[PDB]
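Colleague: pasting the first bit of my complex, frame unchanged:
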Amino acid sequence: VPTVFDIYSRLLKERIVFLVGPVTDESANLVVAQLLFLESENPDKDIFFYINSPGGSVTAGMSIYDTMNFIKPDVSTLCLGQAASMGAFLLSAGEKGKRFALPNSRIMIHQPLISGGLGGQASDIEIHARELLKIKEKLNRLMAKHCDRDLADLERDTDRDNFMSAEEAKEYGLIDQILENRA
Amino acid sequence: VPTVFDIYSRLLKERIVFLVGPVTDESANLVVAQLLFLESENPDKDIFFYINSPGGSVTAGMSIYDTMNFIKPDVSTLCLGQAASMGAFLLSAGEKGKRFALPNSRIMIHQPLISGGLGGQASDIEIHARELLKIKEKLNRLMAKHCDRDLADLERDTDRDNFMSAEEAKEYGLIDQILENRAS
Amino acid sequence: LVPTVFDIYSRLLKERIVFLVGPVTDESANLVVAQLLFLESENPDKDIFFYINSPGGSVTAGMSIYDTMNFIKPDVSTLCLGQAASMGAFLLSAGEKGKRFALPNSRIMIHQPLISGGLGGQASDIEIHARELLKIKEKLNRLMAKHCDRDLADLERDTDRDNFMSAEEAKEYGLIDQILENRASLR
Amino acid sequence: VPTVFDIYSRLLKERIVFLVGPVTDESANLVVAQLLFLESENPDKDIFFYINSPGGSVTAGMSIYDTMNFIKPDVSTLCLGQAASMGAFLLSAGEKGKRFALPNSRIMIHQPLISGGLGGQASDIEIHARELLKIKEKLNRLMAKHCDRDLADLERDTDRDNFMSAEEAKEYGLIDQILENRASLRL
Amino acid sequence: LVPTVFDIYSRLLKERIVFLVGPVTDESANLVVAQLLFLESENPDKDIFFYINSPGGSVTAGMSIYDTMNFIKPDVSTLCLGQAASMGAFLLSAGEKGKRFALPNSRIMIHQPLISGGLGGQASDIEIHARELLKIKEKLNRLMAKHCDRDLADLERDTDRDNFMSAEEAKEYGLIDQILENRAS
Amino acid sequence: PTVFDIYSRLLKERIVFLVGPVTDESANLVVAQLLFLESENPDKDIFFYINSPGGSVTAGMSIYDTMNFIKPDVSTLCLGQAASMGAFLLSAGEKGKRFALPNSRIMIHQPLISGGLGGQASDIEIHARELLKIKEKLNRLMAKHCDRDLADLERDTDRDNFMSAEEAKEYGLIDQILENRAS
Amino acid sequence: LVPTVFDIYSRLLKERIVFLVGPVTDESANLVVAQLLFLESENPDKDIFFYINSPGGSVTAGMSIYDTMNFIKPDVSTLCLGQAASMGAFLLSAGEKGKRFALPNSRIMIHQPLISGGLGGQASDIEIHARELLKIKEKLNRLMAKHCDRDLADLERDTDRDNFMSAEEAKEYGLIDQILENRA
Amino acid sequence: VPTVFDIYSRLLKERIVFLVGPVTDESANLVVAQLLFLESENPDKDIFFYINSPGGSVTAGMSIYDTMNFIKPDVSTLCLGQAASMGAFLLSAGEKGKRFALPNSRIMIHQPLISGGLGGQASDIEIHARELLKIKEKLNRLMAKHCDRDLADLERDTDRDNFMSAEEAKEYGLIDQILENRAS
Amino acid sequence: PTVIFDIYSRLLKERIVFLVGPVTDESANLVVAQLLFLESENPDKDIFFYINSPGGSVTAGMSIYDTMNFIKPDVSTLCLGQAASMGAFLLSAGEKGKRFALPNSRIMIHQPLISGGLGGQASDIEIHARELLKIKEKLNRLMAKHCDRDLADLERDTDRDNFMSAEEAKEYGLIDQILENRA
C-alpha cells in the first residue's frame, strides 16, 4: 500500500470509507471505526461509503448498518464492481437520495444461505431454523423499506439470486442514481 | 469370518440374523435380504434378530423395521452389547413378548441428531427442518406404541441421551425379558 | 461380507427380486439392467420385483434402468423400502401401474435436477450445458407427470424444491398404488 | 488498518474499547490492557466497551469481566452485530444503566458447551464433569444477577440456544436501552 | 457384488451380450476386445449385441475396440442405454449399419478431442504433439462422417463444442438407425 | 494357512481366539463362534484363547453375557496378554477353568475415554454419569469373578495394575498357570 | 522486497504512474481505484499513466477500475508492458483514446468469459447464472467493440476462443493507438 | 496492538508484566527480560505480575520462578482468568502477602503431565522416569512451602486435577487476598 | 502359489511353520494356531519353526514362546536371514540340541526398546517404567537360561545392540549348530 500517510488513510481525509471483498467481523468493524472516526472529526459532513463486496456475515453487516443509522452524518453509498447480498443491503441503506452506482456496477440480492451446515439435535435445529426465518423476514422488511417497495415484492424477488444492472437497481428503488462522471 | 460355509451363514441356518455396528443402507438391506430368505424357507418359524448397534441412518433402519412387520414370521429381538438410537428402535420393534436383552446390555434412546449439516438457502433449510420435526414425532409415536407408553413420556424421555440398563429397559416397556442363560 | 445359503442376493434373484441400494451410479445401474435382462431371459412371462432404497444418483444411469424396465416383457413391479429419493423416486413411479408399492414408513422425495460439482469452461460451453440441463428438467417433469397421472404444471410446482412424502401422500400424489403393511394377503 | 495513531488507537483516546470476534486469551487480555490503561489515564470517566462477538473462552471472558468490575471507571457496553455466549455475558455485565444495543443486534445465551474433548480415566472425567456443572451454575447465578432475575429463570432460558432481539434483551434485563441514534438515550 | 446364476455378466455373455459401461480405459477396452474375440470364436456368424453406457475415455483404447469390431466376422450391433458420449458415441455409431439402436431416453453427445491435464515439455515437443492431436481430430471427424453418412464439413461444424442429442436427433443425424421402445421394431 | 483355514480347523476342536483390540466386529465374531459351538454340542467345554489389550466395553459385554448365557462351560486361557476388557473376559471363564500361560501379562484398571466428551454440559453430565455407572458395574462384577471385595477392586484399578500369572492367580483372576499339559 | 528512495512505487506515483500487475482481484483492483482517486484529488487536470502487465481476473473487480477510469476528470492513459490479457486487455483498451500504448514486445489477448471452478446448485439457480454470464459476455463485447471502434459482430467472432495479438496487430485492431519504441 | 509507545509497553511503565497463554521458552524468557528490566530501572519498587495461563513447560516456568526470587523487588502476583499448573505455581510464588486473584479466577493444581512420549531403550526410560519423580517431588515441596501446608497435603491434593475458586485458593494458602475492586 | 493347498499349507504337512517379518499379535497368533494344529495332528513328532524376523511386540512373542514350551512336540528352530530381538529370543527358545542357524544368518540381541512413548501423568509413567524394568529383567533371566549363562552375562551383553554371526551365536549358547547343508 503506497504512501503519499498511506493511500487509504489519505482518502479517509476526504471522508472516503471503503468496503471491499467479503464482509467479516474484522472488515466490518474497521468500517465501523472509520465511521465513528469521521463523525468525531466532523459530525455534520457527509460520509462517502464505497462498496465493492459479494456480501458475507449477516451480523457483521448489521453492525455496519446500525452504525450508518446511529451516527449523525449522512452516509452516502457508492457501488463499484459489485454489491451482492449484504453488500447490496448496505448499498441500499445509504441516506436516501445519496445512494449511487457506477454504470457497469453489478447488484445482486437473494435470501440468506447457510454455507456449511446445521448440526445438532432436532430441538437445536428447530431453534436455529426459526431464527433463520426471522433473519430472512427481518432482512426482507428492512430491504423493502429501503427500496420503498412492498414486503411481498422483496420476498418474491429474493427467492433465488436476482441480478440487477445499475438501472434495474435504480428502477427497483435500491439506489437513487447512476454516476457516469462528476457531471 | 471362519469356515465351518462362513460362521454367519451357518447361524442363518438356525434363523439367526445379526445387526452389528452402524445402520447403513448396505448393512440394513443385508438384514432385509436375510429376513426375506428366512421367510421364504419357512414363513411360520420365528426369526432371531440379534442386535449390537449404536444406530445410524433412520431410513435404513425403517427398511428393516417395515420388513420385520411385513413378513409372516415373528421376529424375536435380542440385545447384546448395546442397542442405541435406531438400534434400540429395532430392538423395541421385535414381536411383543419376544423382545429380549442379555443382563449387561446397554440400551439408549434419544431424539434425532444430524451429524454434519443443513446447507443451502433458508427455504431448503426450512423444508428439511420441518421434515426433521416430522421424523422426530413419528419416531416418538412409534416408540410409545412399542413401549405401551404415552407419547408425552417418550417426548420427555428422548430430549437428551437416555441410557438404560436391561432392567430399566424392561420396566420402560422396551423389552419383555432379561435372559441370563437358556435356563428360563 | 455376504451370507451364503448361492450368496443371499443371488438366492433372492431366484425369486425375481432385484435390488437397487444406495447411490445410483453407472455400475450400480447396469448391474440392475443385467438382472432385469437375465430374469426376462429366464422367464418373460413372470413379474419382476424391483426393490428400491436409494437417494438417487446419476440421471443417465437412472435412465438406463428406466428404459430397460419399459423395454422388457415382464412387468417390473416396484417396492420402496427405506427411501426413494430423486432418481430413486422416479424409478419407483415408473413401475408397472398397479404394481407400485411402498412399505408404511418409506420416505419418497422428488425435486428438480441439481448439479454436483460444477460447470467450468467458456461461457459458450456453459450456455450449452445449461440449455441441456433445462431439457432434462423438462423431460423428467413430463415423464413424472405421466407416471403420476397428474398435469405437468403440478409437477413443475411440486419439484421446485425438495418435496418429502410419506407413503400415503405418495399414494395420493399418484407415485405409488399401494401401501403394504404385512404379508397376510393375496396368494 | 487506516492511520489518522492508527484508527483504533485513535478511538481509544475517546475511551472506546472493542471486542470483535472470538474471545481468546490474547484478544481478552488486549481488552484488559486497554481498560487498565484508560483507568490510569482517568479513573473517573466512563469507558465505552463496544462488543461484537460470538463468545469464546470462558476463562478469557472472565478476565475481562473481573477487570470491568475491578477498575474505578464505569464500563458502559454497547452491542453491535452480535453478542452471543461469553459476548452476551460481557454485554450484560456493563455498569447497570449503561448497557446498550444497536437496533438490529443479535443476542444469544446458552449453557456451556465444550467440544474437542474430555479424555482420560473415569476419575478424571468425574472431576471435570463436576467442575463443568460448577461453571454452568456460576454463570447462571452471575447472569441472573446481571438480568435481575431468579436463578431458575436463567437455568430454564439457557438450556438450549436462546436468541434475543435487542427489544427482548431489554425486556429480559440483559441490557438497559436500545439506541437507534444519539437522540435515543432516555431514562 | 455380482450375483450368480455363472456370474450375471458371464451368463449374459452366453447370449452374446457385451457391455461397455463407464469410462473407456485400456483395461475396460481390452476386456471388450477379449469378449468380442471369444464370441467370434464360439460362433463367427451370429450377431453380437454391444451395449454401450459410457461418457467416453481413452482414444487409443476406444480405437482398439473399434478396429476389433470391424476386424471380426460377426456383425456387431450396438445399443445405447443411458448415454453414449464422446468415444462412447463413436463406438455406438460404429455398429454394423442397420443394427444401431438406442432406448428412447438415451443421451448422445459428440465433440472434438479434449486433452489430458496438460502437455508439458520443450516447444519442439509441444509442436509434435499438437500436430498429432490435429491429425487425431480430423481422423475421427472423417470416420464419424462415414458412420453417419454425412459430410466431413458437417462433423467438423457439429463437434466444435459439446453437442447433445436425443435418440431421435441422433437418428436424424445418422448416428444410429432406430430407437427401440420395446421388443417390437 | 489353509488346512479350511487354520482357525476353522481349530474351531472343530472347540478353540475360539480373541486376538487384538476388542471391537464390535471382533467381539461379535467371537459371539457367533460360541453360539455355533453350543449348537454343535451344548455340553462340551469351549476353549477361549485370549491375547488382547481390551477395547470397547459394550463389545466386550456381548462376549461376557454370551459366555454366561450358553450351556457349555467356557474355559479361558491367557497367552501373551489380557488387559482391561481382555482381563475381564479372562477372569470371566468358568470358575476352575481359567488359565494363563506362564509368561502372560495381565493388567486391570478403571475405564478410560479416548478422544473426548463433546457437547452441552447437560449431555456431558449424562455421559459422565453413565461412565461412572460402568466403572462401578465392572468393579462389582470383577469382585465377583475374583472372589474379592468391591473395595479392593476399586482400590486396585485406580491406575494401571500389571500382574504376573502368579499374581493373577493369587488375586483370584485365574485358577491355574499352565506351563505344559502335565499340571 | 521493495526499495525505498518513500518506497519505489509511491515514488513513481508522484509522477502519476499507477501499476496493475498480475491477477486482477478485488483488492488489487481497489488499490488501483484508490490511486486513481488520489491522483485526481492531487491534480484533477493532469494525465494519469496506467501501466498494465496482467493476465486478467475478476470481471466485477475490473469494472470498478474501468468505471473509475471513466468517472474521474484526468485522462487515464494506458501502457502495456509484458502482457495485457482478458480483463487486462479490456482495461488497456479503455484508456483515453489517443493515449493507449504498448511496448514493442507486448502480448495482448482477448476472449469470452471463462468460469472459474464450477456451477453448483439447482437447475433453476443454474439457469439464472447462465443467463447472467451471457449478459456479461454480450456487455463485454459491446464495450470492447466501442473501445476498438469496431462492429459488435467482429468482437463476437474474434473472442470466441483465445485471440493473441502482437503490438502491431493490437494497433491495427484498434485496441491501442501507438507502439512506443524509445523515449526520444 | 494499540499505540498510546504500544499498550503493553505502556503498562510496563507502571511495572505491570503479563504472562498470558501457554508457558513456553520464548514466552517465559520475555517475562524474565521484563523482570530484569524493571529491577534495573528501579530495584526498590514492587513489580506486578499479572497471570492468565494454563501452564506449560516446567523448565520455562522455573526460569521465571528463579528470576522472581532472585531480583531485589517484590514480585506481586495477580491471577486473572486462570492460573493452572505452572501458572498456579507462579501465582503462588509471588511475594508472601502480595499474591492476589480476581473473584472469578480459576485455579488448578496437579502432578506433572507429559506431552508426547518417553521413547528409547529401557535404560533411558528408567533415567527419565527417575528424573520425573524428582521433578514431581521438588514441585510438591516448593508448592507446600508456598502454601504453608504439609508436603503430605500437596502430594495427596495434586494426584489428579484439583480445581479451586479464588476463595478456595486463599483458604488453601495459594494466594493471600481476593480483590473485587480497588478497595479490597 | 497352489500345489497338488497354498505353498505354506503344503509345507505345514512337513511340520514347517514360519515366522517372517515383525512379530505382531496377528502374526504371532497365526504361528500359535499352527503349533496347536500340528500338535493335534501328531503330538509326538518334531515341529520345525523357521525364523526370519527383526522381532516386535514382546507380549505377542511371549504368546509364541509359552506355546512352544506348552505343547508336547519338540520345537526345533532354524534361523534364516535374521533373528533379532524377540526373533533371537524365540530362536534361542527352540528345544535344546535342536536350535539351528544357516551360515549367513544375522542374530542380534538387546534390551527392550519403546518407540512411541510414555505420556500422561507422572504416576502412570512410574507404573509403566516399573513394568518395563520387570520385562527387561525377566527377558534377561530367560535368555540366560536359554543360553546356559548367568544373568550378569546377559545384562552386560544386551545393554546395546549386540550383533552375532551364526558362529558367535553358537559360542554364546544361543543356538546349537550351524547347518551348511543337509549333512
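Modeller: Yep, that arrived. Numbers count the residues shown, from 1 in each chain, chains lettered A, B, ... in the order given.

Colleague: drop to CA atoms for contacts and neighbour counts, all remaining ones
Modeller: Noted.

Colleague: residues from chain A in reach of chain C?
Modeller: Not one residue of chain A sits near chain C, judged by CA under 8 Å from any CA of the partner chain.

Colleague: biggest helix in chain A, by residue count?
Modeller: When chain A is parsed with DSSP state H, its longest helix is helix A:122-147.

Colleague: Centre-most residue in chain A?
Modeller: Geometric centre of chain A, nearest residue: residue A:90, 1.6 Å, by CA atoms, centre = their mean.

Colleague: quick one on the thing from earlier: buried residues in the longest helix of chain A?
Modeller: By neighbour count on 16 or more other CA atoms under 10 Å in any protein chain shown, the buried set for helix A:122-147 is A:122-130, A:132-133, A:135-137, A:139-147.

Colleague: now do stretch A:57-64
Modeller: Of all the residues in stretch A:57-64, those buried under the rule 16+ other CA under 10 Å are A:58, A:59, A:60, A:61, A:62, A:63, A:64.

Colleague: Hmm, the fourth one is touching residue A:27, no?
Modeller: The one in question is residue A:61. No - counting by CA atoms under 8 Å, residue A:61 sits too far from residue A:27 to count as a contact (9.6 Å).

Colleague: what residues does chain A put near chain I?
Modeller: So chain A never meets chain I (CA under 8 Å from any CA).

Colleague: could you pull out the helices for chain A?
Modeller: Applying DSSP H to chain A gives helices spanning A:7-12, A:25-41, A:58-70, A:86-92, A:122-147, A:151-157, A:166-172.

Colleague: Those residues of chain A touching chain B, which are they?
Modeller: Looking at chain B, the residues of chain A close enough under CA under 8 Å from any CA are A:111-123, A:125-126, A:129, A:132-133, A:136.

Colleague: The same query, at a cut-off of 10 Å, please.
Modeller: For chain A, the contact set with chain B under CA under 10 Å from any CA of the partner chain comprises A:110-130, A:132-133, A:135-136, A:159-160.

Colleague: can you narrow these to ones near chain F?
Modeller: Contacts with chain F within the residues of chain A next to chain B, as defined by CA under 10 Å from any CA: residue A:120.

Colleague: which one's the longest strand in chain A?
Modeller: strand A:75-84 (DSSP state E).

Colleague: Can you see whether that strand contacts chain D, counting any residue in it?
Modeller: No - using CA under 10 Å from any CA, strand A:75-84 never reaches chain D; the gap is at least 13.6 Å.

Colleague: now for chain J, put it on the one above:
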Amino acid sequence: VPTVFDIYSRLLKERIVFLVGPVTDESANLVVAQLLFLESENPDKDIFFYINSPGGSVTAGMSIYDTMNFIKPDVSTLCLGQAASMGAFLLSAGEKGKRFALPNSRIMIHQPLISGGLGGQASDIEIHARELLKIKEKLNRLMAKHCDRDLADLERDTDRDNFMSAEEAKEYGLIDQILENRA
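Modeller: One more chain to add, chain J, which I have set with the ones above:
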C-alpha cells in the same frame, strides 16, 4: 534487510539494479520500477543491471526488455552466478559494448519450455501451440540480433540446453567482456 536505508536501496543510489532468482511478474515489475526511477533521477547516466537468474516468465521478461530499450540511459548488464534462459536473454540485451560477466559466471540458452501443460480442446491447444512457436521464433530472432549471429545459428544452438562459460558467451556474441576485477 541490513540497514545503512536497506542495503539494496543504498546500492540503488549507485544506480545498481538486481535481478535475482526466478523472473516473475512482481520481480520483473520491481526491476521496471527501478529502471524508470533511475531514469527520472538522471536520464543520461548509465544504469548497472546485475543479473543472477535461471529465467522465468517470458512476458515478465519482455516487460524488462522493452523497458531497457525504451528509457534514455544505457543499461549495462553484468552476469554473476548465472544467467539462464530469460536471464541470459536480458544479459544479452544490455547496451552493446556494456554487457559483462564475472569469470565463473554460467550462461545457458534454450528454446521455450512449458511448465505444466496445454489442457483444453484441440482447437484451444492448436491456438496456444501456434503462439508458442511464434514466441520461439521471436526469441531466436531477437537473440540473433543481440548476438550479431544468424537466425539459423540460434535455432540450432537452442534446440536443447546450451551451457556456456563466460569466455564462450563472449565468443558467441552474447556479452562483450569478462571482468576479473575493476582493473
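
Colleague: circling back: for the residue nearest to the centre of chain A, give me its contacts.
Modeller: Residue A:90 is in contact with A:19, A:49, A:51, A:53, A:55, A:61-62, A:64-65, A:68, A:77, A:79, A:83-84, A:99, A:143, A:146, counting by CA atoms under 10 Å, 6 or more residues apart in numbering or on different chains.

Colleague: my guess is residue A:102 meets residue A:83, correct?
Modeller: No - using CA atoms under 10 Å as the test, residue A:102 is too far from residue A:83 to be in contact (11.2 Å).

Colleague: the more surrounded of the two?
Modeller: More crowded of residue A:102 and residue A:83, by other CA atoms under 10 Å in any protein chain shown: residue A:83, with 29 against 24.

Colleague: For that one, list the residues it contacts.
Modeller: A:19-21, A:51-55, A:89-92, A:101, A:105-109, G:60.

Colleague: Try it again at 6 Å.
Modeller: The contact partners of residue A:83, by CA atoms under 6 Å, 6 or more residues apart in numbering or on different chains, come to A:52, A:53, A:54, A:107.

Colleague: Bridging across strands, which residues link to it?
Modeller: For residue A:83, the beta-bridge partners are residue A:53, residue A:107 (DSSP bridges).

Colleague: now it: how far from chain F?
Modeller: From residue A:83 across to chain F, the span is 38 Å (CA to the nearest CA, to the nearest Å).

Colleague: And that residue, how far from chain H?
Modeller: When distance is defined by CA to the nearest CA, residue A:83 is 31 Å away from chain H.

Colleague: How about the backbone phi and psi for the closest residue to chain B within chain A?
Modeller: Nearest to chain B in chain A, going by CA to the nearest CA, is residue A:117, at a distance of 3.4 Å. Residue A:117 adopts backbone torsions of phi -150, psi 170, taken as degrees, to the nearest 10.

Colleague: what about it, how many neighbours?
Modeller: Using other CA under 10 Å, residue A:117 has 14 neighbouring residues.

Colleague: Let me see the contact set for it.
Modeller: B:117, B:118, B:119.

Colleague: What sits closest to the residue in chain A that chain J sits nearest to if chain neighbours are left out?
Modeller: Proximity of chain A to chain J (CA to the nearest CA) peaks at residue A:2, 13.5 Å away. Ranked by CA to CA, 6 or more residues apart in numbering or on different chains and with sequence neighbours excluded, the top spatial neighbour of residue A:2 is residue G:10, at 4.9 Å.

Colleague: Also, this goes in as chain K:
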Amino acid sequence: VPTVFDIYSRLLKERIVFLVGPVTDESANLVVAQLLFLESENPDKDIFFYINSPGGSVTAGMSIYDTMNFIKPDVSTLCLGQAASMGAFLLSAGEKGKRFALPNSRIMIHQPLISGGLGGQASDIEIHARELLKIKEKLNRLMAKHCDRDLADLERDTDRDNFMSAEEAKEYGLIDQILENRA
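Modeller: Placed with the earlier chains, chain K looks like this:
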C-alpha cells in the same frame, strides 16, 4: 517484544545476552553477533550470557564457544530453566569463577545423538561415523577441561542422559556458584 528499543536491545545495554531454546545456525550466530558487538562497545567489561536451552546443532554451538573464548571480555554464564547438552557445554564454558545457576536450574549432559539418520553408501556411512566419534571424543575432552575432571570420568558420565541439580553441577565442576538472589 515490548518497547522501552525492544526489551532485548535494552538489556544488551547492560551487556546481557540470551540463548533461549534450540541452538541453530541462526540463533547461534545472533549470539555471536552480540558478543562481538558488546566487545566492540567495551572490550574490558564482563558480558553476562544467560542460558536457557536444551542444546541443538553441535557446529552452531561451537561457533558460540570459540567466540566466547576469542573475545577479550570475560563471558560469565548463568543457567535459568535448563542447560542441556550443548546448552550445558556452553554454560560450563563460561569464564572460570563466573559460571552460575539459579537454584531450580536443570542441567543435563550426554553423548552426541544424531538427528534423522545416516543414509548412503557404506563408505559414506563409515566416514560420518568416524567423524561422529571424533566429535564425541573432542566434546568429552573439552568438557573434562571445563570441569577440571578426568577425561575418563566424562566418558563414563555422558554415556546416557545425566541429569544434575544446580548443586550436583557445582560439585561436578560444571559451574562455580548457585545464586539464590543478588546477595
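
Colleague: mind redoing the contacts of residue A:83 now chain K's in there?
Modeller: A:52, A:53, A:54, A:107.

Colleague: ok, the third one touching residue A:84?
Modeller: This points to residue A:54. Yes - counting by CA atoms under 6 Å, residue A:54 does reach residue A:84; the two are 4.5 Å apart.

Colleague: quick one on the thing from earlier: for my notes, please list the contacts of residue A:83 in CSV and give neighbour count for each entry.
Modeller: Formatted as CSV, the contacts of residue A:83 follow (neighbours: other CA atoms under 10 Å in any protein chain shown):
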residue, neighbour count
A:52, 29
A:53, 28
A:54, 21
A:107, 29
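
Colleague: surely residue A:106 meets residue A:79?
Modeller: No - using CA under 6 Å, residue A:106 makes no contact with residue A:79, being 8.1 Å away.

Colleague: more neighbours, these two?
Modeller: residue A:79 (32 against 26).

Colleague: gap between the longest strand of chain A and the chain center?
Modeller: Average the C-alpha atoms of strand A:75-84, do the same for its chain, and the two points are 7 Å apart (CA atoms, centre = their mean, to the nearest Å).

Colleague: And stretch A:62-72, by the same measure?
Modeller: Distance of stretch A:62-72 from the chain centroid (CA atoms, centre = their mean) equals 11 Å.

Colleague: Show me the contact partners of it.
Modeller: For stretch A:62-72, the external contacting residues (CA under 6 Å, 6+ apart) are A:32, A:43, D:80, D:81, D:180, D:181.

Colleague: how much space between the first one and chain I?
Modeller: With the distance defined as CA to the nearest CA, residue A:32 ends up 47 Å from chain I.

Colleague: Pull the number of nearby residues for that residue.
Modeller: Residues within reach of residue A:32, counting by other CA under 10 Å, total 20.

Colleague: any idea how far it is from chain E?
Modeller: Remark: distance between residue A:32 and chain E (CA to the nearest CA) = 47 Å.

Colleague: How about the second one?
Modeller: Using CA to the nearest CA, we find residue A:43 at a distance of 59 Å from chain E.

Colleague: and that residue, how many neighbours?
Modeller: Applying other CA under 10 Å, we find 15 other residues in the vicinity of residue A:43.

Colleague: sorry, back to before: which other helices and strands contact the longest helix of chain A?
Modeller: Where contact means 3 or more CA pairs under 6 Å, 6 or more residues apart in numbering or on different chains; DSSP states H and E, helix A:122-147 is packed against helix A:151-157.

Colleague: could you redo the last one with a cut-off of 8 Å?
Modeller: Under the contact criterion of 3 or more CA pairs under 8 Å, 6 or more residues apart in numbering or on different chains; DSSP states H and E, helix A:122-147 touches helix A:86-92, helix A:151-157, helix B:122-147.
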